[PDB]
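S.K.:
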Amino acid sequence: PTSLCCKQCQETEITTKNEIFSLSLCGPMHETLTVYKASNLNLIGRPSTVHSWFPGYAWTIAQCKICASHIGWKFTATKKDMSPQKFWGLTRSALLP
Ligand SMILES: O=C1CC[C@H](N2C(=O)c3ccccc3C2=O)C(=O)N1
Ligand SMILES: [Zn+2]
C-alpha cells in the first residue's frame, strides 16, 4: 500500500514510499527513485565511480534476490563528510506500482 515491489516477479517488496527522498535541486542550481532504505536486493560485484549519476558516490548493481531483475543500484559515498553515506537509486519502471 506504501509498498514498491519488483515488477518482474511481484514477490518482493524492494522499498516503500516512506523511504523516498530527493537529491535533486529545487532552485536554479523523474526516472530514478532515490530511497534511504530498500530490501530484498542482492548486490553484484564491487562499487564503481565510473559515469556515476551522483557525483561523490560509487554504484553497485542491485538486483531482486528472487528473480534477478536489475532494479537499480546501491550508491555509497566516497567521502566521510557526505550525507547520506548510502542510498538506493531505483529504476522506477522496474517497480510496481
Ligand atoms: O551511476 C550510475 C549507475 C551505473 C550506470 N551504468 C549503466 O547503466 C551502464 C550500462 C552500460 C555501460 C555502463 C553503464 C553504467 O555505468 C551509470 O552510468 N551510472
Ligand atoms: Zn523479482
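According to the numbering used here, the residues represented by the sequence shown are 65 to 161, in order. For each residue, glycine too, the CB sits at the ideal point set by N, CA and C.
1. Mind listing, in chain order, the residues whose beta carbon lies closer than 7 angstroms to a non-hydrogen atom of ligand 2?
2. Does ligand 1 have a heavy atom nearer than 6 angstroms to the CB of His94?
3. Just reading off the beta strand (DSSP E) that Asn106 is part of, what are its end residues?
4. If I'm right that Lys129 touches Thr76 with Cβ under 8 angstroms, what's the distance once you round it to whole angstroms?
5. At what residues does the beta strand (DSSP E) containing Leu97 begin and finish?
6. By Cβ distance, which residues of its chain are closer than 6 angstroms to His134, with the 5 residues on each side in sequence left out?
7. For ligand 1, is there any heavy atom lying closer than 6 angstroms to the beta carbon of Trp152?
8. Under the DSSP definition of a beta bridge, which residues are partnered with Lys138?
9. Taking the Cβ atom as the reference point for each residue, do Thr124 and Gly136 lie within a distance shorter than 7 angstroms?
M.R.: So, from the data block:
1. Chain-ordered list of matching residues: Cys70, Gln72, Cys73, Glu75, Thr76, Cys128, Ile130, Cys131 and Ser133.
2. Locating residue 94 in the sequence shown gives position 30, counting from the first residue. No, the Cβ of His94 stays beyond 6 angstroms of every heavy atom of ligand 1.
3. For the purposes of this step, residue 106 is taken as residue 42 along the sequence shown, with counting starting at 1. Here the beta strand (DSSP E) through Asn106 covers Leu105 to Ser112.
4. One-based indexing of the sequence shown puts residue 129 at position 65. One-based indexing of the sequence shown puts residue 76 at position 12. So it is a contact: roughly 7 angstroms between Cβ atoms.
5. For the purposes of this step, residue 97 is taken as residue 33 along the sequence shown, with counting starting at 1. Here the beta strand (DSSP E) through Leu97 covers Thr96 to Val99.
6. For the purposes of this step, residue 134 is taken as residue 70 along the sequence shown, with counting starting at 1. If we look at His134 and ignore the five residues flanking it on each side, its Cβ neighbours are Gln127.
7. Here residue 152 is taken as the residue at index 88 of the sequence shown, counted from 1. False, no ligand heavy atom lies under 6 angstroms from that Cβ.
8. Along the sequence shown, one-based indexing puts residue 138 at 74. The partner list for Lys138 (beta bridge, DSSP) reads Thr124 and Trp152.
9. For the purposes of this step, residue 124 is taken as residue 60 along the sequence shown, with counting starting at 1. For the purposes of this step, residue 136 is taken as residue 72 along the sequence shown, with counting starting at 1. No; because the gap between Cβ atoms is not below 7 angstroms, this pair is not in contact.
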